[PDB]
$ cat protein_27.txt   # compact mmCIF, N, CA, C and O atoms
# COMPACT_ATOMS: atom_id res chain seq x y z
N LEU A 1077 160.04 111.25 15.14
CA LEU A 1077 159.99 109.84 14.79
C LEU A 1077 159.88 109.66 13.28
O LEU A 1077 159.98 108.54 12.77
N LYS A 1078 159.66 110.76 12.56
CA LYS A 1078 159.79 110.73 11.11
C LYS A 1078 161.24 110.95 10.68
O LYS A 1078 161.72 110.31 9.74
N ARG A 1079 161.94 111.86 11.37
CA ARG A 1079 163.34 112.11 11.04
C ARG A 1079 164.19 110.88 11.32
O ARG A 1079 165.10 110.55 10.55
N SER A 1080 163.91 110.18 12.42
CA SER A 1080 164.64 108.96 12.74
C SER A 1080 164.27 107.86 11.76
O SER A 1080 163.25 107.93 11.07
N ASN A 1081 165.12 106.84 11.68
CA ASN A 1081 164.92 105.72 10.76
C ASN A 1081 163.50 105.19 10.88
O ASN A 1081 162.94 104.67 9.91
N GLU A 1110 141.83 118.82 39.56
CA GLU A 1110 140.51 118.42 40.03
C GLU A 1110 140.60 117.87 41.43
O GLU A 1110 141.42 117.00 41.71
N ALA A 1111 139.76 118.37 42.32
CA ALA A 1111 139.80 117.93 43.70
C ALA A 1111 138.42 117.82 44.31
O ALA A 1111 137.44 118.28 43.73
N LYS A 1112 138.34 117.19 45.48
CA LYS A 1112 137.07 117.05 46.19
C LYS A 1112 135.93 116.74 45.22
O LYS A 1112 135.02 117.54 45.03
N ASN A 1113 136.00 115.58 44.58
CA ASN A 1113 134.97 115.18 43.63
C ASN A 1113 134.58 113.73 43.87
O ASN A 1113 135.23 112.82 43.33
N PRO A 1114 133.55 113.47 44.68
CA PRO A 1114 133.19 112.09 45.00
C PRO A 1114 132.51 111.39 43.84
O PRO A 1114 132.00 112.02 42.91
N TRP A 1115 132.50 110.06 43.90
CA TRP A 1115 131.75 109.27 42.94
C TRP A 1115 130.27 109.31 43.27
O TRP A 1115 129.83 108.84 44.32
N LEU A 1116 129.49 109.89 42.35
CA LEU A 1116 128.06 110.03 42.60
C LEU A 1116 127.25 109.33 41.52
O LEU A 1116 126.24 108.67 41.82
N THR A 1117 127.67 109.46 40.27
CA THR A 1117 126.93 108.88 39.16
C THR A 1117 126.93 107.36 39.23
O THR A 1117 125.87 106.73 39.17
N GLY A 1118 128.11 106.76 39.35
CA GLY A 1118 128.19 105.32 39.45
C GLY A 1118 127.93 104.61 38.14
O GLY A 1118 128.69 103.74 37.73
N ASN A 1119 126.82 104.98 37.48
CA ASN A 1119 126.43 104.30 36.25
C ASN A 1119 127.34 104.68 35.08
O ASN A 1119 127.62 103.84 34.22
N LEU A 1120 127.79 105.94 35.03
CA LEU A 1120 128.56 106.39 33.88
C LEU A 1120 129.85 105.60 33.72
O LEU A 1120 130.14 105.06 32.65
N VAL A 1121 130.65 105.51 34.79
CA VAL A 1121 131.84 104.67 34.79
C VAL A 1121 131.37 103.26 35.15
O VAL A 1121 131.02 102.96 36.29
N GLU A 1122 131.33 102.39 34.14
CA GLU A 1122 130.87 101.02 34.31
C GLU A 1122 131.65 100.30 35.41
O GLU A 1122 131.10 99.47 36.14
N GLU A 1123 132.93 100.62 35.55
CA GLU A 1123 133.84 99.83 36.37
C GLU A 1123 133.78 100.29 37.82
O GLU A 1123 134.34 101.32 38.19
N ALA A 1124 133.08 99.50 38.64
CA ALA A 1124 133.20 99.54 40.09
C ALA A 1124 133.62 98.18 40.64
O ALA A 1124 133.15 97.76 41.70
N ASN A 1125 134.50 97.48 39.92
CA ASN A 1125 134.70 96.05 40.12
C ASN A 1125 135.33 95.74 41.47
O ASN A 1125 134.86 94.86 42.20
N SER A 1126 136.39 96.46 41.84
CA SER A 1126 137.23 96.08 42.97
C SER A 1126 137.32 97.22 43.96
O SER A 1126 137.19 98.39 43.59
N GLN A 1127 137.54 96.88 45.23
CA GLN A 1127 137.80 97.88 46.25
C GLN A 1127 139.10 98.61 45.95
O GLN A 1127 140.10 97.99 45.57
N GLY A 1128 139.08 99.92 46.13
CA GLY A 1128 140.28 100.70 45.87
C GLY A 1128 140.59 100.73 44.39
O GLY A 1128 139.90 101.39 43.61
N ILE A 1129 141.63 100.01 44.00
CA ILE A 1129 142.12 100.01 42.63
C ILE A 1129 141.90 98.63 42.02
O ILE A 1129 142.34 97.62 42.57
N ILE A 1130 141.21 98.59 40.88
CA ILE A 1130 141.13 97.36 40.11
C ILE A 1130 142.51 97.04 39.55
O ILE A 1130 143.16 97.89 38.94
N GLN A 1131 142.96 95.80 39.76
CA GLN A 1131 144.32 95.46 39.36
C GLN A 1131 144.38 95.00 37.91
O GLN A 1131 145.02 95.64 37.08
N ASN A 1132 143.65 93.97 37.52
CA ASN A 1132 143.72 93.62 36.10
C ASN A 1132 142.37 93.55 35.40
O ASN A 1132 141.66 92.56 35.55
N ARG A 1133 142.01 94.57 34.63
CA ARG A 1133 140.68 94.54 34.01
C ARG A 1133 140.69 94.53 32.51
O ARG A 1133 141.35 95.35 31.88
N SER A 1134 140.00 93.56 31.92
CA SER A 1134 139.86 93.57 30.48
C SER A 1134 139.08 94.78 30.08
O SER A 1134 139.40 95.44 29.10
N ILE A 1135 138.06 95.09 30.86
CA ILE A 1135 137.17 96.18 30.49
C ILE A 1135 137.83 97.53 30.34
O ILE A 1135 138.49 98.01 31.25
N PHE A 1136 137.62 98.17 29.21
CA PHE A 1136 138.19 99.47 28.88
C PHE A 1136 137.17 100.33 28.15
O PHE A 1136 136.56 99.88 27.17
N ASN A 1137 136.99 101.55 28.63
CA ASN A 1137 136.04 102.49 28.06
C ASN A 1137 136.79 103.68 27.48
O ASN A 1137 137.75 104.16 28.08
N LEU A 1138 136.33 104.14 26.32
CA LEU A 1138 136.89 105.31 25.66
C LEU A 1138 135.88 106.44 25.74
O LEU A 1138 134.76 106.30 25.23
N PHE A 1139 136.27 107.55 26.35
CA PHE A 1139 135.43 108.74 26.41
C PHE A 1139 135.69 109.56 25.16
O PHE A 1139 136.84 109.82 24.81
N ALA A 1140 134.62 109.96 24.48
CA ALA A 1140 134.72 110.42 23.11
C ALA A 1140 133.91 111.68 22.88
O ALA A 1140 132.89 111.91 23.53
N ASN A 1141 134.37 112.47 21.92
CA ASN A 1141 133.60 113.59 21.40
C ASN A 1141 132.56 113.08 20.41
O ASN A 1141 132.32 111.88 20.29
N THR A 1142 131.95 114.01 19.69
CA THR A 1142 131.11 113.62 18.57
C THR A 1142 131.96 113.11 17.41
O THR A 1142 131.62 112.10 16.78
N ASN A 1143 133.09 113.77 17.14
CA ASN A 1143 133.89 113.41 15.97
C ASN A 1143 134.75 112.18 16.22
O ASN A 1143 135.38 111.67 15.29
N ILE A 1144 134.80 111.70 17.46
CA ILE A 1144 135.44 110.41 17.72
C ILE A 1144 134.43 109.29 17.53
O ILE A 1144 134.71 108.27 16.89
N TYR A 1145 133.23 109.46 18.09
CA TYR A 1145 132.19 108.45 17.97
C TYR A 1145 131.79 108.24 16.51
O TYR A 1145 131.59 107.10 16.08
N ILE A 1146 131.66 109.33 15.75
CA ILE A 1146 131.31 109.20 14.34
C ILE A 1146 132.39 108.45 13.58
O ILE A 1146 132.10 107.60 12.73
N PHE A 1147 133.66 108.76 13.87
CA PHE A 1147 134.74 107.99 13.26
C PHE A 1147 134.65 106.52 13.64
O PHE A 1147 135.08 105.65 12.88
N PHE A 1148 134.09 106.23 14.81
CA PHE A 1148 133.99 104.84 15.23
C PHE A 1148 132.74 104.18 14.67
O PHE A 1148 132.71 102.96 14.47
N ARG A 1149 131.69 104.95 14.41
CA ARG A 1149 130.52 104.38 13.77
C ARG A 1149 130.78 104.14 12.29
O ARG A 1149 130.18 103.26 11.68
N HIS A 1150 131.68 104.93 11.70
CA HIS A 1150 132.09 104.66 10.33
C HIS A 1150 133.00 103.44 10.27
O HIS A 1150 133.21 102.87 9.20
N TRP A 1151 133.54 103.03 11.41
CA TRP A 1151 134.37 101.82 11.42
C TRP A 1151 133.52 100.57 11.58
O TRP A 1151 133.78 99.55 10.94
N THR A 1152 132.50 100.63 12.44
CA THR A 1152 131.62 99.47 12.58
C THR A 1152 130.75 99.30 11.34
O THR A 1152 130.45 98.17 10.94

$ encode --input "protein_27.txt" --output "structure tokens"
Amino acid sequence: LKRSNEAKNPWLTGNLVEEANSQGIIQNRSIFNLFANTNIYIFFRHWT
């Protein structure tokens, strides 16, 4: 683009993934979570 112009794992924690909104599959959710390392979170704390 410069050249051109896991199995058998039930839900147990519940709290970690905030989203338990809908049965089966949530269809339209504003809510979005980013899972991060240390060097992602620090880059984000330097942004806030």

$ select_by_dssp --input "protein_27.txt" --residues "chain A" --states "helix (DSSP H, G or I)" --output "list in words"
residues 1142, 1143, 1144, 1145, 1146, 1147, 1148 and 1149 of chain A

$ atom_distance --input "protein_27.txt" --atom1 "atom C of residue 1124 of chain A" --atom2 "atom O of residue 1146 of chain A"
29.5 Å

$ atom_distance --input "protein_27.txt" --atom1 "atom C of residue 1127 of chain A" --atom2 "atom C of residue 1112 of chain A"
18.4 Å

$ residues_around --input "protein_27.txt" --residues "segment 1139-1144 of chain A" --least-positions-apart "3" --cutoff "12 Å" --atoms "only C-alpha atoms" --output "JSON, numbers by chain"
{"A": [1120, 1121, 1122, 1136, 1147, 1148, 1149, 1150, 1151]}

$ atom_distance --input "protein_27.txt" --atom1 "atom C of residue 1119 of chain A" --atom2 "atom N of residue 1135 of chain A"
15.0 Å
